[PDB]
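Printed here is my_file.cif (mmCIF, C-alpha atoms):
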```cif
data_input
#
loop_
_atom_site.label_atom_id
_atom_site.label_comp_id
_atom_site.auth_asym_id
_atom_site.auth_seq_id
_atom_site.Cartn_x
_atom_site.Cartn_y
_atom_site.Cartn_z
CA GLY A 1 107.29 17.05 -11.31
CA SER A 2 109.38 20.22 -11.33
CA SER A 3 106.70 21.60 -13.64
CA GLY A 4 106.37 25.35 -13.18
CA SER A 5 108.38 28.24 -11.77
CA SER A 6 107.20 30.90 -9.33
CA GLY A 7 103.84 30.21 -10.93
CA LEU A 8 100.92 30.57 -8.53
CA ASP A 9 98.26 29.97 -11.18
CA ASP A 10 99.64 26.42 -11.35
CA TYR A 11 98.08 25.27 -8.08
CA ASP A 12 94.30 24.89 -7.86
CA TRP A 13 93.48 26.60 -4.56
CA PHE A 14 95.04 29.77 -5.96
CA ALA A 15 91.99 31.36 -7.59
CA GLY A 16 93.71 34.67 -8.25
CA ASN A 17 91.96 37.94 -9.06
CA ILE A 18 88.39 37.23 -7.93
CA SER A 19 85.49 39.45 -6.86
CA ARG A 20 84.29 39.13 -3.26
CA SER A 21 80.98 38.10 -4.82
CA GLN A 22 82.62 35.36 -6.89
CA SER A 23 84.89 33.83 -4.24
CA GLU A 24 81.68 33.10 -2.33
CA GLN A 25 79.60 31.73 -5.21
CA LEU A 26 82.55 29.56 -6.26
CA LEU A 27 83.10 28.51 -2.64
CA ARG A 28 79.40 27.72 -2.25
CA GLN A 29 78.63 26.00 -5.55
CA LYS A 30 81.35 23.49 -4.66
CA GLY A 31 79.10 22.27 -1.86
CA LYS A 32 82.04 21.12 0.26
CA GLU A 33 82.18 22.48 3.81
CA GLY A 34 85.82 23.33 4.46
CA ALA A 35 86.83 24.30 0.94
CA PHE A 36 89.51 27.00 0.82
CA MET A 37 91.04 29.33 -1.76
CA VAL A 38 93.64 32.07 -2.29
CA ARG A 39 93.01 35.34 -4.11
CA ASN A 40 95.23 38.34 -4.84
CA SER A 41 95.18 41.23 -2.37
CA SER A 42 93.99 44.75 -3.21
CA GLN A 43 97.59 45.96 -3.28
CA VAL A 44 100.38 43.97 -4.95
CA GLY A 45 102.06 42.03 -2.17
CA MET A 46 99.66 40.76 0.49
CA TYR A 47 97.40 37.76 -0.12
CA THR A 48 93.82 37.06 0.93
CA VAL A 49 93.14 33.43 1.83
CA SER A 50 89.38 32.90 1.93
CA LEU A 51 87.64 29.61 2.73
CA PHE A 52 84.10 28.39 3.40
CA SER A 53 83.04 26.54 6.55
CA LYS A 54 80.11 25.75 8.85
CA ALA A 55 79.48 25.42 12.59
CA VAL A 56 77.27 23.36 14.90
CA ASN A 57 74.64 26.02 15.56
CA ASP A 58 74.34 27.84 12.23
CA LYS A 59 71.77 27.93 9.43
CA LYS A 60 74.10 29.19 6.70
CA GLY A 61 77.88 28.87 6.76
CA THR A 62 80.01 32.02 6.81
CA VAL A 63 82.87 32.81 4.44
CA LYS A 64 86.10 33.75 6.22
CA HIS A 65 88.89 35.93 4.83
CA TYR A 66 92.46 35.82 6.14
CA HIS A 67 95.31 38.20 5.31
CA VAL A 68 99.02 37.48 4.85
CA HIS A 69 101.17 40.01 6.70
CA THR A 70 104.77 40.58 5.62
CA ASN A 71 107.65 40.58 8.11
CA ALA A 72 110.72 42.82 8.07
CA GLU A 73 112.59 39.94 6.45
CA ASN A 74 109.85 39.67 3.83
CA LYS A 75 108.46 36.71 5.77
CA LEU A 76 104.91 35.61 4.92
CA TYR A 77 102.47 34.28 7.51
CA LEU A 78 98.72 33.83 7.94
CA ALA A 79 98.73 33.38 11.72
CA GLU A 80 100.44 35.64 14.25
CA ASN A 81 103.51 34.16 15.94
CA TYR A 82 104.24 32.01 12.90
CA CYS A 83 106.48 32.25 9.83
CA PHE A 84 106.53 30.26 6.59
CA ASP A 85 108.65 30.00 3.45
CA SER A 86 106.10 31.35 0.96
CA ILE A 87 102.44 31.45 -0.04
CA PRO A 88 102.47 28.12 -1.92
CA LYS A 89 105.02 26.72 0.53
CA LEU A 90 102.63 27.45 3.40
CA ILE A 91 99.46 25.77 2.14
CA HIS A 92 101.42 22.51 2.00
CA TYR A 93 101.57 22.68 5.79
CA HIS A 94 98.06 23.86 6.65
CA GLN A 95 96.37 21.75 3.97
CA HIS A 96 97.87 18.58 5.46
CA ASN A 97 97.20 19.84 8.99
CA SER A 98 96.08 23.17 10.43
CA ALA A 99 98.49 25.26 12.50
CA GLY A 100 96.61 27.64 14.77
CA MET A 101 93.28 29.43 14.41
CA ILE A 102 93.38 28.76 10.66
CA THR A 103 90.61 26.33 9.70
CA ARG A 104 91.82 22.97 8.39
CA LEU A 105 91.67 23.38 4.61
CA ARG A 106 89.37 20.63 3.33
CA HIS A 107 89.96 21.12 -0.40
CA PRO A 108 91.24 23.72 -2.89
CA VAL A 109 88.80 25.93 -4.79
CA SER A 110 89.19 28.12 -7.87
#
```
Would you give me this structure, written as structure tokens?
Amino acid sequence: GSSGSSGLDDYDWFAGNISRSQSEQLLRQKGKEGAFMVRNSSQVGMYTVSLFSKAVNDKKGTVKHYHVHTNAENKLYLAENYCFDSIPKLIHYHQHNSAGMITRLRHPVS
């Protein structure tokens, strides 16, 4: 492969600059409970990982929005008490299998 450099747009999950209203519509239209996505944060740096999901007792699923905090060593992580290599290097882990309180990504969404 080795096709692409520091390019986030490459991946699919990475939706990029998207309006809170869009992320939802795009996450809903898909019609796949568990679908996830990654959009740019208000300020250059952090990242907002939103994903759709449903529960046992619920009429309409609720869209969740996670934030990526930066550590002193510029370490990126979505769940407290955990550190990863990078944004795109993290999904690889979760996607395959969740880590903590982060829903198990079912499929990428743009």
Exercise: stretch 37-45 of chain A partners within 6 Å, all atoms listed in the file, chain neighbours under 3 positions left out, as a PDB file with C-alpha atoms, in the coordinates of the input:
```pdb
ATOM      1  CA  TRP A  13      93.480  26.600  -4.560  1.00  0.00           C
ATOM      2  CA  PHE A  14      95.040  29.770  -5.960  1.00  0.00           C
ATOM      3  CA  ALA A  15      91.990  31.360  -7.590  1.00  0.00           C
ATOM      4  CA  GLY A  16      93.710  34.670  -8.250  1.00  0.00           C
ATOM      5  CA  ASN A  17      91.960  37.940  -9.060  1.00  0.00           C
ATOM      6  CA  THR A  48      93.820  37.060   0.930  1.00  0.00           C
ATOM      7  CA  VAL A  49      93.140  33.430   1.830  1.00  0.00           C
ATOM      8  CA  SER A  50      89.380  32.900   1.930  1.00  0.00           C
ATOM      9  CA  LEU A  51      87.640  29.610   2.730  1.00  0.00           C
ATOM     10  CA  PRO A 108      91.240  23.720  -2.890  1.00  0.00           C
ATOM     11  CA  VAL A 109      88.800  25.930  -4.790  1.00  0.00           C
TER      12      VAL A 109
END
```
- Top pick for closest residue to residue A:92, considering A:33, A:80, A:11, A:63 and counting only C-alpha atoms: A:11
- Report as a VMD selection string the full result of the PyMOL selection byres ((chain A and resi 57-62) around 12) when it is applied to this structure. chain A and resid 24 27 to 28 31 to 35 50 to 56 63 to 65
- Rank A:21, A:47, A:88, A:67 by their smallest atom-to-atom distance to residue A:8, using only C-alpha atoms, and report the top residue only. A:88
- Note on the structure: Judged by all atoms listed in the file, the minimum distance to residue A:89 among A:18, A:46, A:76, A:101 is found for A:76
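Pairwise distance (atom CA of residue A:82, atom CA of residue A:66) equals 14.1 Å.
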- Mind pulling up the distance from atom CA of residue A:36 to atom CA of residue A:12? 10.1 Å
- Item | Spatial neighbours of stretch 94-99 of chain A, max dist 9 Å, all atoms listed in the file, sep filter under 4 positions, as a VMD selection string | chain A and resid 79 82 90 103 to 108
- Expanded to explicit residues, what is the PyMOL selection byres ((chain A and resi 74) around 12) for this file, as a PyMOL selection string? chain A and resi 45-46+68-73+75-77+83-87
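Among the candidates A:19, A:110, A:10, A:78, the one nearest to residue A:93 when counting only C-alpha atoms is A:78.
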Would you compute, for all listed atoms of stretch 64-80 of chain A, the axis-aligned bounding box grown by 4 Å on each side, and then report its centre and edge lengths in Å rounded to one decimal, as lines of an AutoDock Vina configuration file?
```
center_x = 99.3
center_y = 38.1
center_z = 9.0
size_x = 34.5
size_y = 17.4
size_z = 18.4
```
